[PDB]
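Reproduced below: start39.cif, with mmCIF, C-alpha atoms and all ligand atoms.
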```cif
data_model
#
loop_
_atom_site.label_atom_id
_atom_site.label_comp_id
_atom_site.auth_asym_id
_atom_site.auth_seq_id
_atom_site.Cartn_x
_atom_site.Cartn_y
_atom_site.Cartn_z
CA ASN A 247 9.56 9.06 -18.68
CA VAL A 248 7.49 5.82 -18.28
CA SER A 249 8.00 2.19 -19.46
CA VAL A 250 6.33 -1.26 -19.32
CA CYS A 251 7.82 -4.80 -19.90
CA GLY A 252 6.77 -8.45 -19.64
CA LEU A 253 8.81 -11.54 -18.60
CA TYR A 254 8.28 -14.86 -16.70
CA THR A 255 11.30 -17.33 -16.45
CA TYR A 256 15.05 -16.65 -16.88
CA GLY A 257 13.91 -13.14 -18.11
CA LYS A 258 12.58 -14.46 -21.49
CA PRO A 259 10.30 -11.62 -22.68
CA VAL A 260 7.07 -12.11 -24.61
CA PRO A 261 5.75 -10.04 -27.55
CA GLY A 262 2.39 -8.32 -27.27
CA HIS A 263 0.16 -5.40 -28.28
CA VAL A 264 0.29 -3.25 -25.07
CA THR A 265 -2.45 -0.66 -24.30
CA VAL A 266 -1.29 1.45 -21.36
CA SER A 267 -3.20 4.43 -19.80
CA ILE A 268 -2.29 7.23 -17.32
CA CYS A 269 -5.12 9.01 -15.46
CA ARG A 270 -5.84 11.12 -12.32
CA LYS A 271 -8.56 11.73 -9.72
CA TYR A 272 -8.80 15.37 -8.67
CA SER A 273 -10.94 15.15 -5.55
CA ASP A 274 -12.35 11.68 -4.60
CA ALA A 275 -15.89 13.12 -4.45
CA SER A 276 -17.54 9.60 -4.96
CA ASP A 277 -18.98 9.51 -8.59
CA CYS A 278 -22.25 11.69 -8.49
CA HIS A 279 -23.38 9.64 -11.56
CA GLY A 280 -20.50 10.75 -13.79
CA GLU A 281 -17.41 8.54 -13.02
CA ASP A 282 -15.46 8.29 -9.66
CA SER A 283 -13.13 11.29 -10.38
CA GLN A 284 -12.39 9.90 -13.92
CA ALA A 285 -10.56 13.03 -14.96
CA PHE A 286 -8.87 13.57 -18.34
CA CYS A 287 -6.05 11.28 -19.52
CA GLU A 288 -3.98 10.45 -22.54
CA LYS A 289 -4.05 6.72 -23.30
CA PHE A 290 -1.39 5.10 -25.55
CA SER A 291 -0.78 2.05 -27.81
CA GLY A 292 2.05 0.04 -29.40
CA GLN A 293 3.88 -3.31 -29.77
CA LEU A 294 6.56 -4.76 -27.42
CA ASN A 295 10.04 -5.43 -28.84
CA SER B 296 -17.54 28.32 -51.60
CA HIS B 297 -21.29 29.07 -51.38
CA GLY B 298 -21.08 28.12 -47.70
CA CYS B 299 -19.12 27.70 -44.46
CA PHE B 300 -17.43 25.04 -42.23
CA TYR B 301 -19.84 23.10 -39.89
CA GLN B 302 -18.88 20.94 -36.83
CA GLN B 303 -20.38 18.92 -33.83
CA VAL B 304 -18.20 18.73 -30.66
CA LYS B 305 -18.53 16.26 -27.75
CA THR B 306 -19.10 18.19 -24.52
CA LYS B 307 -18.03 15.31 -22.24
CA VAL B 308 -14.33 16.39 -22.73
CA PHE B 309 -15.23 19.55 -20.74
CA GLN B 310 -16.69 17.74 -17.70
CA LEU B 311 -18.84 20.86 -16.93
CA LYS B 312 -18.72 20.63 -13.08
CA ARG B 313 -16.57 21.90 -10.17
CA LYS B 314 -17.31 25.55 -10.90
CA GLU B 315 -17.76 25.96 -14.76
CA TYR B 316 -19.87 28.86 -16.16
CA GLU B 317 -18.60 30.67 -19.26
CA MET B 318 -16.42 29.80 -22.30
CA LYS B 319 -15.01 31.85 -25.22
CA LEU B 320 -15.11 30.70 -28.88
CA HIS B 321 -12.30 32.22 -30.91
CA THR B 322 -12.06 31.95 -34.74
CA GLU B 323 -9.39 32.55 -37.41
CA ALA B 324 -10.73 32.73 -40.96
CA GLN B 325 -7.38 33.12 -42.90
CA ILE B 326 -8.52 34.26 -46.35
CA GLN B 327 -6.50 32.68 -49.21
CA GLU B 328 -4.59 34.87 -51.68
CA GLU B 329 -4.29 37.43 -48.88
CA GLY B 330 -2.03 37.28 -45.91
CA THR B 331 -5.12 38.35 -43.89
CA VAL B 332 -5.91 36.68 -40.56
CA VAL B 333 -9.18 38.30 -39.36
CA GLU B 334 -10.35 36.58 -36.14
CA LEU B 335 -13.63 37.02 -34.26
CA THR B 336 -14.21 36.03 -30.58
CA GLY B 337 -17.93 35.59 -31.22
CA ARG B 338 -20.48 34.10 -28.83
CA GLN B 339 -18.48 34.43 -25.63
CA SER B 340 -22.20 34.37 -24.35
CA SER B 341 -22.60 30.47 -24.53
CA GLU B 342 -23.78 29.40 -20.99
CA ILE B 343 -24.36 26.44 -18.64
CA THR B 344 -27.36 26.99 -16.28
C1 LIG C 1 14.44 10.57 -19.19
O1 LIG C 1 14.82 10.40 -20.57
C2 LIG C 1 15.86 11.29 -21.04
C3 LIG C 1 16.07 10.98 -22.51
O2 LIG C 1 17.03 11.86 -23.10
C4 LIG C 1 17.13 11.12 -20.20
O3 LIG C 1 18.11 12.10 -20.56
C5 LIG C 1 16.80 11.24 -18.71
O4 LIG C 1 17.97 10.98 -17.95
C6 LIG C 1 15.68 10.28 -18.33
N1 LIG C 1 15.43 10.32 -16.90
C7 LIG C 1 16.11 9.59 -15.98
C8 LIG C 1 15.68 9.77 -14.55
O5 LIG C 1 17.03 8.84 -16.29
#
```
Go through the file and emit its structure as structure tokens.
Ligand SMILES: *[C@@H]1O[C@H](CO)[C@@H](O)[C@H](O)[C@H]1NC(C)=O
Amino acid sequence: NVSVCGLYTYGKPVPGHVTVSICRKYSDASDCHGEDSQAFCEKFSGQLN
Amino acid sequence: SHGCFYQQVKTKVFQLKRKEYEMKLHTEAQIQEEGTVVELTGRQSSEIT
């Protein structure tokens, strides 16, 4: 389970088109001209209520 | 009919590093008007030198 919100004063939320992502780095082997351990991840999308 | 199914696949999803050598390619041509599922694990000889 994972969740993301957005407030500022007196907890008044704001509506927006969120674009969250969740990735991992297997072994921080320092790029080798092919991303710094940018290993597979499912990104997501949606609107805030 | 009078042909096949053709396809191009992006190899960057595989990230061919950290010990990667062989890879199998299974199939499943399910013939219509026949409950016949004849597979064929062809070209399990595709390589990365
Ligand atoms: C994760 O969501 C499910 C939804 O049914 C819930 O039962 C479960 O308790 C949630 N996890 C926590 C730590 O509350």
Could I get the residue neighbourhood of ligand LIG 1 (chain C) at 12 Å, counting all atoms listed in the file, as a PyMOL selection string?
chain A and resi 247-249
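Relative to CA of residue 286 (chain A), CA of residue 318 (chain B) is found at 18.3 Å.
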Mind running chain B against chain A at 12 Å and telling me each contacting residue's nearest atom pair with the distance in Å (one decimal), counting all atoms listed in the file, chain and number ascending, as a tab-separated table?
```
residue	atom	partner	partner_atom	distance
B:307	CA	A:280	CA	9.9
B:308	CA	A:286	CA	7.6
B:309	CA	A:286	CA	9.1
B:310	CA	A:285	CA	8.2
B:311	CA	A:280	CA	10.7
B:312	CA	A:280	CA	10.1
B:313	CA	A:273	CA	9.9
```
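We find CA of residue 263 (chain A) and CA of residue 289 (chain A) to be spaced 13.8 Å apart.
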Region 257-261 of chain A environment, 12 Å, only C-alpha atoms, sequence neighbours closer than 3 positions dropped, as a JSON list (two decimals) with C-alpha atoms, in the coordinates of the input:
```
[["chain", "number", "residue", "atom", "x", "y", "z"],
["A", 250, "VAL", "CA", 6.33, -1.26, -19.32],
["A", 251, "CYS", "CA", 7.82, -4.80, -19.90],
["A", 252, "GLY", "CA", 6.77, -8.45, -19.64],
["A", 253, "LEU", "CA", 8.81, -11.54, -18.60],
["A", 254, "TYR", "CA", 8.28, -14.86, -16.70],
["A", 264, "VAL", "CA", 0.29, -3.25, -25.07],
["A", 292, "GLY", "CA", 2.05, 0.04, -29.40],
["A", 293, "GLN", "CA", 3.88, -3.31, -29.77],
["A", 294, "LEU", "CA", 6.56, -4.76, -27.42],
["A", 295, "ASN", "CA", 10.04, -5.43, -28.84]]
```
